[PDB]
């Protein structure tokens, strides 16, 4: 039997906003807006997403997300997308629970394991400290791929401190040893000449993935780096509109595309990027930088797409660095064994948001 959206609810703090969708049948599901400035994003959700989605088809909604952008066509770019994600993800979870299927199954895949890479978010850490914590994760959790940071974020060629990059690259790589894949992210730091310099040191050290080596909005700079290096230049975390994915691909900027489900506007839109990459003959290694729902959406997506890259981004930062992601979910949905996460048979996203966190979150509702 067919059904329409009846109610959309958000529960937020500054860091995270969950969305609950209710159909005319009473069927429910839970999703999430992009993390960060989540409170502004939920104000936006109720202003600019909910009015267009109420009363629409709860089970076939790809066209509705296009209609939303057409009605709000004055607002291209990140915050509309950040908000749209909360609608898309709640509806996949809704349909998954109604059908008794994980979202990965709805998408043509199936539950199972996903190989992960251990991802450090920090530049404030020393080479020795990064190496030591990586060694422990390699030995105790079985990770066999690791990503750390070079340069300074949007640093205009300046390093985090002088000599950090020169040290962090060989130090972490020699500690991790043979048989381990290595990735680094420059987060927009370098001009192409310097990124090529740094990129030859990465190659000497066996690092096969150099993410966002140049300002991400200078596509020709990134393409210059990709043309000169043999390692894979990867990028796209902050790209959220199809026109910029297009220019990226047209210019041959990257070897590997890295949309982020939550910055993109949700699964339908990320799938559109994967299919653009597939046409260009490129793998998808999505960005997921915290243990909000973004990591579980990424896992379901990697279980389903035909052109997945090597691994899931898995943030290894603890409660000291993301205190706000502790207690979001019940159970242990992000358990790692042998360097792998698991998509279970549980319907929808397979995760249960704790009622403790919901209880003291900011509530807002739209209905009719």
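Positions refer to the first chain, counted from 1.
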query = In the PDB record, does 171-179 or 231-239 carry the higher mean Cα temperature factor?
reply = 171-179
message = Comparing average C-alpha B factors as deposited, tell me which of 287-295 and 192-200 sits higher.
response = 192-200
query = Taking the Cα B-factors listed in the entry, which of 268, 81, 71, 251 comes out highest?
reply = 251
inquiry  = Looking at 96, 108, 77, 186, which one carries the largest C-alpha B-factor according to the PDB entry?
reply    = 108
inquiry  = Using only modelled residues of the chain, where does the Cα B factor of residue 351 rank: lowest third, middle third or highest third?
reply    = highest
task = Divide the modelled residues of the chain into thirds by Cα B-factor and specify which third, lowest, middle or highest, holds residue 334.
result = middle
note = On the chain's distribution of Cα B-factors, residue 158 falls within the third called highest
task = Tell me, lowest, middle or highest third: where does the Cα B factor of residue 63 rank within its chain?
result = middle
query = Which third of the chain holds residue 322 when residues are ordered by C-alpha B factor: lowest, middle or highest?
reply = highest
